[PDB]
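Residue-level listing of the chains:
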Amino acid sequence: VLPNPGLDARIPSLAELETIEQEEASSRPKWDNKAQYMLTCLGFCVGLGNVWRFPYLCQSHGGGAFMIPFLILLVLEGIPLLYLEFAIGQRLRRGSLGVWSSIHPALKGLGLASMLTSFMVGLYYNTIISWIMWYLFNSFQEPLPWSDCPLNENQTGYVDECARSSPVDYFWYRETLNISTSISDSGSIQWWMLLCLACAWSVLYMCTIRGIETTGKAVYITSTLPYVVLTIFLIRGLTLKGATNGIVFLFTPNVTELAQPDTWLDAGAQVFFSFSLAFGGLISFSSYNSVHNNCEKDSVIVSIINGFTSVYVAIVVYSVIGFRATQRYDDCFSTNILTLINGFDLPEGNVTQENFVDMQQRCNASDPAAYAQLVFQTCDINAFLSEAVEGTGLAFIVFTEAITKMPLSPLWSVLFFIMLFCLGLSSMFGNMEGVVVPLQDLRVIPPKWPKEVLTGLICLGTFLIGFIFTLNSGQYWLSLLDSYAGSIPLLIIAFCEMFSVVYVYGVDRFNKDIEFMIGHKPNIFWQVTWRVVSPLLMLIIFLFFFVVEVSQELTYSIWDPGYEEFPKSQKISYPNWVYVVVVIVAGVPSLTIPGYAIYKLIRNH
Amino acid sequence: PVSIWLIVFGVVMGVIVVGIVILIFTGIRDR
Ligand SMILES: *[C@@H]1O[C@H](CO)[C@@H](O[C@@H]2O[C@H](CO)[C@@H](O)[C@H](O)[C@H]2NC(C)=O)[C@H](O)[C@H]1NC(C)=O
Ligand SMILES: *[C@@H]1O[C@H](CO)[C@@H](O)[C@H](O)[C@H]1NC(C)=O
Ligand SMILES: *[C@@H]1O[C@H](CO)[C@@H](O)[C@H](O)[C@H]1NC(C)=O
Ligand SMILES: *[C@@H]1O[C@H](CO)[C@@H](O)[C@H](O)[C@H]1NC(C)=O
Ligand SMILES: *[C@@H]1O[C@H](CO)[C@@H](O)[C@H](O)[C@H]1NC(C)=O
Ligand SMILES: CC(C)C[C@H](N)C(=O)O
């Protein structure tokens with residue numbers, strides 16, 4: 001522990017705290033009640049990452065062998081980290097940039113990296129909401145637009161790439177995205193996805209026009225919608241035909257998969273993404289409470305709703321994957337029934353699923369020549385329960401195909417999509433606080449303009465930057481970017497926050513601050529994880545990133561409706577200028593911490 | 001004969017753009 005020369009006379013001094021809180025009734029905002037603070041915090045951490053990144057990661061990492069690492073890493077990094085953020089913001093009375101600059105003026109890179117990773121994550125995260133709004137506008141009609149193929153110029157048959165693929169794939173790839181065959185060629189601005197973008201940003205600027213006290217009632221109405229629509233969706237999903245078969249696929253572990261490095265990196269980067277750690281929004285939200293506030297009750301209540309939800313969503317998601325894998329298996333197996341009774345002319349009430357293997361041997365013993373030209377499809381479950389459930393391929397290709405087979409199918413589309421919208425809007429409330437607040441402590445705007453001018457300003461900029469995701473190649477830009485700026489940037493900052501509190505500030509000084517606020521010292525469970533355990537697990541997951549960055553090939557999926565063996569996946573390699581993009585998106589952030597440190601130490605010299 | 005998605009967009013973008021000119025004039029007529 002460095003003695004940190006001049007730590008006092010920079011922070012409040014543990015008896016000024018009762019005095020400074022009675023004079024901040026007009027400078028800094030407040031919460032209305034305690035329930036407005038809890039619904040803002042657990043609405044920032046849920047949604048769009050329980051549906052999009054979790055089941056996409058869960059199939060690859062052992063089918064259902066992703067729930068072990070996840071849970072353990074959660075309870076071992078998640079808890080400790082989330083608890084360290086609620087307590088360092090409540091005492092230091094500042095945002096994200098004001099906390100880490102009062103714990104040595106060299107660690108100002110953590111406030112500038114938490115601002116740059118909140119701008120780049122929320123750049124593409126508000127594009128997924130504009131795709132959700134496009135699917136909500138396309139409801140309110142009983143023949144749903146993704147339920148049938150269009151016809152040719154000559155009205156005789158369907159379009160050639162709607163006949164080979166699904167009609168749900170000819171609404172996402174060709175009628176929504178209008179996707180191209182590579183990332184190296186981009187088309188035009190695609191005006192109908194521009195309007196939606198505008199819509200999204202406009203709706204985001206209406207609720208956060210003044211920071212807190214507008215985000216309040218919003219959080220109210222949006223922390224209920226999401227929670228009650230999921231429950232209405234649970235008793236529908238378990239009543240389906242093929243359910244309780246994708247649930248068993250979620251819970252049969254593949255224990256060989258638990259000994260790979262890449263299944264602990266994706267589990268470790270999901271905890272710092274599900275919990276909104278290393279963003280700086282949960283420090284600014286906890287900096288508005290009173291000093292005598294139990295910040296330990298709040299950190300273990302929010303964490304057991306965040307852990308319970310990520311399993312509660314995953315058994316709703318996998319109850320409709322098992323329903324598509326029974327609709328497809330009963331249609332592939334009905335193909336083998338109908339192709340046998342048409343080649344040998346049998347009645348229909350004799351060949352069924354109980355004796356298909358009995359009677360196909362009877363057909364080659366009767367006519368060995370007429371049986372040779374027949375074809376028999378080879379299909380069985382665990383081949384339909386393991387498919388391409390890639391990014392933006394579950395809410396748009398898996399759910400929207402299953403909704404069109406329920407009765408009252410326009411009703412289950414609206415509900416579902418509004419639910420997704422809510423889940424994704426309430427997480428952009430706190431993500432706007434990670435950009436507005438440290439840009440307001442930097443003194444770059446003249447401090448007589450209102451708060452509603454800076455906010456609007458930011459919005460415009462981000463909307464004008466969101467034009468790169470509306471091109472023809474705009475889905476290939478969102479994947480790459482997504483993954484990279486969502487994996488690297490989290491881990492580094494998360495580790496810098498745990499180190500600088502217990503080894504630069506001081507964990508023994510920090511225990512005097514907890515005893516003043518909540519009434520007692522932290523337990524022995526908080527002492528081992530802060531000093532020994534969790535700094536280490538993080539320091540580890542950080543070496544697993546370079547083990548799997550090397551010894552892998554950068555590939556991405558390509559649609560290409562001229563490629564032979566069309567509807568299966570085709571993976572080609574990235575161009576050589578993608579390292580410049582990757583570099584920027586996952587460098588700027590990290591090079592920022594050491595960057596500023598160096599800068600200041602130099603100013604020293 | 002119009003694309004039902006443009007009507008629902010026109011109602012939703014209409015109730016947003018008038019909701020910002022209430023929340024801007026309230027702020028002013030409030031400070
Ligand atoms: C359980 O996970 C292991 C680890 O990935 C799987 O083993 C892989 O199987 C594929 C296809 O057979 C091979 O290409 C890989 O080389 C295997 N991995 C290793 C490390 O050898 C295994 O298939 C999974 N279990 C099941 C039932 O699929
Ligand atoms: C299909 O119909 C169009 C008329 O719009 C015609 O130009 C085209 O040649 C037709 N295609 C074939 C294969 O007949
Ligand atoms: C996108 O759609 C337009 C018409 O809506 C069409 O002219 C263009 O060729 C499409 N782009 C691709 C790559 O097919
Ligand atoms: C179909 O016909 C065969 C031969 O007549 C018979 O053995 C079989 O039981 C029939 N299947 C039925 C009645 O389901
Ligand atoms: C008929 O085909 C099966 C394989 O489908 C084969 O095992 C069997 O020997 C064949 N019978 C004759 C008489 O060729
Ligand atoms: C925009 C992000 C801060 C949202 C957060 N990662 C979540 O999925 O809850």
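Thresholds, definitions, all that
Residues numbered from 1 in each chain as written, not as in the entry; some residues may be left out. Chains lettered and ligands numbered in written order. Part of a larger assembly, values for the part shown. Heavy atoms only, no water. Helix = DSSP H or I, 4+ residues; strand = E, 2+ residues; numbered from the N terminus. Buried < 20%, exposed > 50% of the residue type's maximum accessible area, 1.4 Å probe, protein only. Rg over C-alpha atoms; globule rule 2.2 N^0.38 Å. Areas by Shrake-Rupley, 256 points an atom, 1.4 Å probe, with all protein chains shown as cover. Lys, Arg positive; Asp, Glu negative; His and termini not counted. Charge placed at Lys NZ, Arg CZ, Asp CG, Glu CD. Contact = heavy atoms within 4.5 Å. Buried area = accessible area lost by both parts, 1.4 Å probe. Salt bridge = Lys/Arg side-chain N within 4 Å of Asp/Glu carboxyl O. Polar contact = N/O pair within 3.5 Å; in protein donor to acceptor, adjacent residues only side chain to side chain. Nonpolar A, V, L, I, M, F, W, Y, C, P; charged D, E, K, R; others polar. Axes fitted to C-alpha atoms, helices over the stretch in contact; angles between N-to-C directions. Left-handed = near helix turned anticlockwise from the far one by under 90°. Core = buried A, V, L, I, M, F, W, Y, C linked by side-chain atoms within 4.5 Å. Expected span 1.5 Å × (residues − 1). Bend = angle between axes of the 7 residues up to and from the residue. Disulfide = S-S within 2.5 Å. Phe/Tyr/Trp six-rings, centres within 6.5 Å; stacked < 30°, edge-to-face > 60°. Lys NZ or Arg CZ within 6 Å of the ring centre and 35° of its normal.

Its PDB header names cryo-EM as the technique used to obtain the model and reports a resolution of 8.3 Å.

Draft legend 1. Structural detail: the overall build of chain B. The secondary structure content of chain B amounts to 2 helices and 0 strands. Along the longest, intermediate and shortest principal axes, the C-alpha atoms of chain B span 45 × 10 × 5 Å. Within chain B, the fraction of its 31 residues that count as buried is 23%.

Draft legend 2. The arrangement of the overall build of chain A in detail. Along its length, chain A carries 24 helices and 2 strands. Here chain A has a C-alpha radius of gyration of 27 Å; the compact-globule value for 605 residues is 25 Å, and the two agree. Within the span of chain A, comprising 605 residues, buried residues form 58% of the whole. Put simply, chain A shows about 25,900 Å² of open surface, and 62% of that area lies on carbon and sulfur atoms. Computed over 31 positive and 47 negative side-chain charges, the separation of the two mean positions in chain A equals 14 Å.

Draft legend 3. Up close: the environment of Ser483(A). Residue and element names in this part refer to chain A. With respect to the helices, strands and loops of the structure, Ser 483 is situated in helix α21 (residues 474–517). Since its relative accessible area comes to 34%, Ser 483 is described here as partly exposed. Placed 103 residues apart in sequence, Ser 483 and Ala 586 show a C-alpha to C-alpha distance of 10 Å.

Draft legend 4. View of the interface of chain A and chain B. Taken together, the 17 residues of chain A in the interface contact 14 residues of chain B. Together, the buried faces of chain A and chain B total about 1,500 Å²; carbon and sulfur atoms form 80% of this surface. The interface formed by chain A and chain B includes 0 salt bridges. In this assembly, chain A and chain B are joined by 1 residue pair in polar contact. Elements that contribute at least two residues to the side of chain A that touches chain B include exactly α6 (109–137) and α9 (192–207) of chain A. Split by residue class, the side of chain A that touches chain B holds 13 nonpolar, 3 polar and 1 charged.

Draft legend 5. Looking closely at the packing of helix α15 (residues 314–341) of chain A against helix α16 (residues 356–366) of chain A. All names here are of chain A. Where α15 meets α16, the axes come as close as 12 Å, and the angle between the chain directions of the two elements is 30°. Seen along the crossing, α15 lies across α16 with a hand that is left-handed. Taking contact as the criterion, the partners of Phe 333, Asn 336, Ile 337 and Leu 340 in α15 are, on α16, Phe 356, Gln 360 and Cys 363. Residue composition of the contact of α15 with α16, by class: 5 nonpolar, 2 polar and no charged.

Draft legend 6. Structural detail: the pattern of salt bridges. Residues and elements named next belong to chain A. Evaluation of the coordinates by the stated rule reveals 11 salt bridges over all chains. A salt bridge links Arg 53 to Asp 482; the shortest N-O distance between them is 3.0 Å. A residue pair is termed long-range when its members are at least 10 positions apart, and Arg 53 in the loop between α2 (34–44) and α3 (54–60) and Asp 482 in helix α21 qualify at 429 residues. For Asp 482, a relative accessible area of 16% gives the class buried. The shortest N-O distance in the salt bridge between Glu 401 and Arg 324 comes to 3.0 Å. In this pair, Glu 401 is assigned in helix α17 (residues 399–403) and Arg 324 in helix α15, connecting sequence segments 77 residues apart. As far as burial versus exposure is concerned, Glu 401 and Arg 324 are alike and both buried.

Draft legend 7. Main features of the nonpolar core. Residues and elements named next belong to chain A. Core analysis: the largest hydrophobic core is formed by 201 residues, its most contacted members being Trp 52, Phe 396 and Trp 530. The dominant element in this core, judged by the number of residues it contributes, is α21, at 22 residues. Apart from the residues lying within four places of it in its own chain, the contact partners of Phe 396 are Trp 52, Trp 131, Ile 132, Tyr 135, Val 168, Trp 172 and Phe 417.

Draft legend 8. Structural detail: α6(A). Residue and element names in this part refer to chain A. A rise of 1.5 Å per residue sets the reference length of α6, with its 29 residues, at 42 Å; its end C-alpha atoms lie 42 Å apart and thus fit the reference within 8%. At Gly 122, α6 shows its maximal bend, which comes to roughly 25°. Burial within α6 is extensive, with 27 of its 29 residues counted as buried.

Draft legend 9. Focus on the environment of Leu238(A). Residue and element names in this part refer to chain A. Looking at the element boundaries, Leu 238 is found in the loop between α10 (215–237) and α11 (247–251). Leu 238 gets classed as partly exposed once you look at its relative accessible area, which sits at 43%. Residues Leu 238 and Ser 319, 81 residues apart in the sequence, show an inter-C-alpha distance of 6.5 Å. Sequence-distant contacts of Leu 238, that is, excluding residues within four places in its chain, are made with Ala 243, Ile 247 and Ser 319.

Draft legend 10. Focus on unusual backbone geometry. All names here are of chain A. Even without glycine at this site, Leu 14 takes up a positive phi of about 70°. Looking at where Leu 14 falls in the secondary structure, it is placed in the segment before α1 (17–20). The class for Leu 14 is partly exposed, based on a relative accessible area of 29%. If you check the backbone angles, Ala 278 has positive phi at about 60° while not being a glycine. Within the fold, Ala 278 resides in the loop between α12 (262–274) and α13 (281–286).

Draft legend 11. Up close: the state of the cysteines. Residue and element names in this part refer to chain A. Applying the stated criterion across every chain yields a total of 2 disulfides over all chains. What pairs with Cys 149 in a disulfide is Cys 162, and their sulfur atoms sit 2.0 Å apart. Where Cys 149 bonds to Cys 162 through sulfur, the torsion about that S-S bond is close to -85°, and the disulfide is left-handed. In this pair, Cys 149 is assigned in the loop between α6 and α7 (160–164) and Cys 162 in helix α7, connecting sequence segments 13 residues apart.

Draft legend 12. Local environment of the packing of aromatic side chains. Residues and elements named next belong to chain A. Scanning the entire structure with this criterion turns up 47 aromatic pairs over all chains. A ring pair is formed by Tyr 329 and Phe 333, whose centres lie 6.1 Å apart and whose planes are at 40°; its orientation type is tilted. Placement of both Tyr 329 and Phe 333 in helix α15 is noted, with a separation of 4 residues, approximately one turn of the helix. By the burial criterion, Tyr 329 is buried, and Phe 333 matches it. For the cation-ring pair, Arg 53 lies above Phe 273, with the distance from its terminal atom to the ring centre recorded as 4.4 Å.

Draft legend 13. View of the environment of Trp526(A). All names here are of chain A. Along the chain, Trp 526 turns up in helix α22 (residues 524–541). Judged by relative accessible area, which is 4%, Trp 526 ranks as buried. For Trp 526 and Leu 84, which are 442 residues apart along the polypeptide, the C-alpha to C-alpha distance reads 9.8 Å. Those residues in contact with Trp 526, other than ones at most four positions away along the chain, are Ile 79, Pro 80, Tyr 83, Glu 296 and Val 300.

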